[PDB]
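# this one's a deposited entry, sequence included:
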Amino acid sequence: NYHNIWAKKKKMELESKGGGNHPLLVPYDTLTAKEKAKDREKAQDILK
Amino acid sequence: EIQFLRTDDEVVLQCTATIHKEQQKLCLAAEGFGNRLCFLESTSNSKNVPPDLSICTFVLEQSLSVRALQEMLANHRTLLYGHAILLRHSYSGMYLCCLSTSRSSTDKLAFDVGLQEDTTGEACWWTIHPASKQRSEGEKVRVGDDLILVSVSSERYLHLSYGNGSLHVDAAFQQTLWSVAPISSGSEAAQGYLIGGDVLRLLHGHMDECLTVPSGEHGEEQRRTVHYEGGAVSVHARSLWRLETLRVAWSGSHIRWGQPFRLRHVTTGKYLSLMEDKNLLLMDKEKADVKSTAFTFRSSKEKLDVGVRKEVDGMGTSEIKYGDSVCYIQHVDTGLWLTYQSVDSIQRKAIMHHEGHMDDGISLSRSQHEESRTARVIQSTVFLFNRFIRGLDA
Amino acid sequence: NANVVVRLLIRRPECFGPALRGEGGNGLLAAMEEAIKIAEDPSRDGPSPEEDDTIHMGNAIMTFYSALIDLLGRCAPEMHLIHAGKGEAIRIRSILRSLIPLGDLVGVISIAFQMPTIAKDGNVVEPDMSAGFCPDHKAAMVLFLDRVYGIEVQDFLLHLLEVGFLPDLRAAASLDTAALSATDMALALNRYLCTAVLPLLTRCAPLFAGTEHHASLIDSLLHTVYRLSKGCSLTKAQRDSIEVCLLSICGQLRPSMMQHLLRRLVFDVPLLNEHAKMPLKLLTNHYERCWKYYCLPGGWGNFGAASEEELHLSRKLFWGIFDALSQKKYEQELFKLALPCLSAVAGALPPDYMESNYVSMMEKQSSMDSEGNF
């Protein structure tokens, strides 16, 4: 969900830029484990 | 009328270097004990630095065609160009091969060349090829020739790498001409007669005393003098001397009366030398000049000189014989004779004199192969373990 | 011929380009980075006073190296001969292995492409494909990697997928918009994928058995492949290759790690359009292979049983396919394809099973809209 938040910000950036499809605009599930770790750390720390 | 290289003949692989625009003659060598990697020992500097041909000598075990070698792998002949030859390091007994490992000395493709115990596999064998068109493949290889070796396993050449400051022998696609020089042929070697490169004890007098350095006083500095001593020392490595001829080619030839050579103490690794002060002192390899370290064997005290005799290519004539012959050591430049000071665990000091005592005659005793190998191992081990101790001290 | 050519090439090392000399060479990876830099630098790229008048030096160097590694990979001996154990063949393969290191190939495959984009107006801007780094360049690298080193280690397979394959697949998926699909870059990248990458992954299917640890990785691969499969600009052969590769991989993947791809499959199958053909085959194969995991309470002893959310999703999948078949007019091929799928999923679903009235929440379909599929 917070990846969706980030992707909404980056999508607004995409329309403002007029182009430049970002490689990580794919869904959070589609993202790699390494990229998902940036949000996983916050998930783990807040819940724990 | 021209000698041909065949199996069981001791050979050395010489190469040429153009460092800072000079012609330097180097030989492919390797100290089998310890580091298996091969290096190059300078032989053109025999005037100033003695060459350690003991680790440079190589023997040709077999010379078979590539077809026969492939068939055998699937399962005194003369070297003909186009065969694959099996080199065995004489001192160590391992075989030259491409180690298939690399030091990455500015060449990724290059493979290091070292020694291997097992002759099985395609790494040990080296196909032989002519350097130029003067001898096509299949022709008999003469003793004086330039040869290029191609690794069976890696299909590279025995190559001299100039990339680093230190010259390296590596398997590379670039080809370097190698020359095979015959050290000796044991097939025609006469038994009981002294030949170059043999490790021997210089027994002296009727008391059977031997020219030995001081004992294990824990000091390499104290182990630099020489003195006659008899007793249980005669069955120790402390009295083994290696007679190294001043010539690289045909070094294993029979010693003739009046041949200049250097005596090397096997255990300590130092060469016998004469000071200007008429006292013998063992100096290192770097400070072992021909004038300082050259000695000759004479039959009698008579001062007649044979002048200059040509050095004969081949086995030569057997003159000095073990036990039966009586020899006199004469320093080449000073003309002095080795003698005993007689000032006295006998510990009779050995000195140099321009007349000497009457009983300066010596006898020569061969050393067994096992004893010689053990003495060389002792030397190469004490060197490394002294470096290790000094490094720990620092 | 290959033995003669390799021997001549190593006899004359000057034919390998400056990088692969071995004489103070920077290596293939550094050379292609330098070629990239040449490609962006206009001063050193062009003549600097058409194709004949203007030759891109960076692309020329790239193509030269690609051709060299391609030729060496083709010269590499065959696997049947190397299994037979011919000494000459193993020698040649070892020489090629010495010639090219593995890390250089990994780095070249890891190097990415520039992405053509739409401009402010909306028209696509396309970099000159004849200039710069192109998928055919990596095709040769993959050919060499397959024929010389060979992919026989799961660790190396997943590392390569980390570094150079999954990013390419994701870029191809992201370039599936109607405007960006028609770009020649997309065609070239689809060609590269469907001709080199997917066949390699298909031939390396058994290694995918041990993928428990990289579940996120395997799920990302599955999702990217499925998105490419729904991509439209593909040719018939490209679609066939994608279908074969995906079926082969999912065949030996462990059942619980289908679940993420199944979640995406269940809401896209009820359309029963032409794009729905291969999801049906994938579902049929999965359920036929893993019915024990579903039917029996124990399931596979090593694997276990379902998490019951997969069971609910499978039930709604079955019902959706059933109703869609009921509504759709009879097509012979479509109905002969859906029947085995429907029967297999019905059999896999335990008859004694009871549906839970508790619905699922956070329906991803809202985020997964029609446009851009997300």
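Cool, the structure landed. Numbering: from 1, shown residues only, chains lettered A, B, ... in the order given.
# do a quick rundown of the strands in chain A.
In chain A, no strands are defined using DSSP state E.
# which parts of it are helices?
Listed in chain order, the helices of chain A (DSSP state H) span A:2-17, A:33-47.
# out of these, nearest to chain C?
helix A:33-47 (3.7 Å; C-beta to the nearest C-beta). C-beta coordinates here come from the backbone N, C-alpha and C atoms, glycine included.
# let's verify the spatially closest residue to residue C:29 that is not a sequence neighbour: helix, strand, or coil?
Of all residues not flanking residue C:29 in the chain, residue C:107 sits nearest, at 3.7 Å (C-beta to C-beta, 6 or more residues apart in numbering or on different chains). Recorded secondary structure, residue C:107: helix (DSSP: H, G, I helix; E, B strand; the rest coil).
# also residue C:159?
Assignment for residue C:159 (three-state DSSP): helix.
# look up the closest residue to it, ignoring the ones flanking it.
residue C:106 (7.6 Å).
# quick one: the one you found from chain A, how far?
According to C-beta to the nearest C-beta, to the nearest Å, residue C:106 stands 17 Å off from chain A.
# next one: the helix or strand where residue C:33 lies to chain centre, how far?
Element membership of residue C:33, judged by DSSP states H and E, is helix C:27-40. In terms of C-alpha atoms, centre = their mean, to the nearest Å, the centre of helix C:27-40 is found 25 Å from the chain centre.
# which helices and strands sit right next to that helix?
Helix C:27-40 sits against helix C:42-45, helix C:57-75, helix C:102-110, with contacts defined as 3 or more C-beta pairs under 8 Å, 6 or more residues apart in numbering or on different chains; DSSP states H and E.
# mean neighbour count added to those helices, as CSV?
Converted to CSV, the helices and strands packed on helix C:27-40 look like this (neighbours: other C-beta atoms under 10 Å in any protein chain shown):
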stretch, mean neighbour count
helix C:42-45, 12
helix C:57-75, 19
helix C:102-110, 19
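# mind listing what's buried in stretch A:22-32?
Residues of stretch A:22-32 classed as buried under the neighbour-count rule (16 or more other C-beta atoms under 10 Å in any protein chain shown) are A:24-32.
# dump those residues to JSON lines, plus distance to chain B.
Converted to JSON lines, these look like this (distance: C-beta to the nearest C-beta, whole Å):
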{"residue": "A:24", "distance to chain B": "36"}
{"residue": "A:25", "distance to chain B": "41"}
{"residue": "A:26", "distance to chain B": "39"}
{"residue": "A:27", "distance to chain B": "43"}
{"residue": "A:28", "distance to chain B": "42"}
{"residue": "A:29", "distance to chain B": "42"}
{"residue": "A:30", "distance to chain B": "39"}
{"residue": "A:31", "distance to chain B": "37"}
{"residue": "A:32", "distance to chain B": "32"}
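# re earlier: may I see the helices of chain A arranged in CSV, with mean neighbour count and distance to chain B as well?
Output for the helices of chain A, formatted as CSV (neighbours: other C-beta atoms under 10 Å in any protein chain shown; distance: least, C-beta to the nearest C-beta, whole Å):
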stretch, mean neighbour count, distance to chain B
helix A:2-17, 12, 43
helix A:33-47, 12, 31
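# quick one: closest of these to residue C:192.
Nearest to residue C:192 among the helices of chain A is helix A:33-47 (23.4 Å), distances taken as C-beta to C-beta.
# which SS state does the residue lying closest to residue C:288 once chain neighbours are set aside fall under?
Once flanking residues are discounted, residue C:288 sits nearest to residue C:344: 5.0 Å by C-beta to C-beta, 6+ apart. With three-state DSSP as the basis, residue C:344 sits in helix.
# surely residue C:344 touches residue C:291?
Yes - between residue C:344 and residue C:291 there is a contact under C-beta atoms under 8 Å: 7.4 Å.
# between those two, which one's more packed in?
Neighbour count, other C-beta atoms under 10 Å in any protein chain shown: between residue C:344 and residue C:291, residue C:344 has more, with 20 against 17.
# for the more buried one, give its distance to chain B.
Taking C-beta to the nearest C-beta, one finds residue C:344 at 53 Å from chain B.
# look up how far chain A lies from that residue.
Taking C-beta to the nearest C-beta, one finds residue C:344 at 26 Å from chain A.
# chain A against chain C: which residues are in contact?
A:4, A:18-21, A:23, A:25-27, A:29-33, A:36 (C-beta under 8 Å from any C-beta of the partner chain).
# now the two most distant members of these.
Greatest spatial distance in those: A:18 and A:33, 32.0 Å, computed using C-beta to C-beta.
# need the helices and strands packed on helix C:27-40 in CSV (columns: distance to residue C:301).
Formatted as CSV, the helices and strands packed on helix C:27-40 follow (distance: least, C-beta to C-beta, whole Å):
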stretch, distance to residue C:301
helix C:42-45, 62
helix C:57-75, 43
helix C:102-110, 38
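# any idea which of those helices gets closest to residue B:89?
helix C:102-110 (34.1 Å).
# from the contact counts, what lies against that closest one?
helix C:27-40, helix C:135-144, helix C:154-160.
# ranking those helices by burial, who's on top?
helix C:135-144 (a mean of 23; mean count of other C-beta atoms under 10 Å in any protein chain shown).
# check which helices and strands it sits against.
helix C:57-75, helix C:102-110, helix C:184-192.
# distance to residue C:252 added to the helices of chain A, as JSON lines?
Listed next are these as JSON lines, based on distance: least, C-beta to C-beta, whole Å:
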{"stretch": "helix A:2-17", "distance to residue C:252": "30"}
{"stretch": "helix A:33-47", "distance to residue C:252": "21"}
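# return the distance of the nearest residue to residue B:354 once chain neighbours are set aside relative to chain C.
Sequence neighbours aside, residue B:336 is the residue nearest to residue B:354 in space, at 5.2 Å (criterion: C-beta to C-beta, 6+ apart). In this view, residue B:336 and chain C are 55 Å apart by C-beta to the nearest C-beta.
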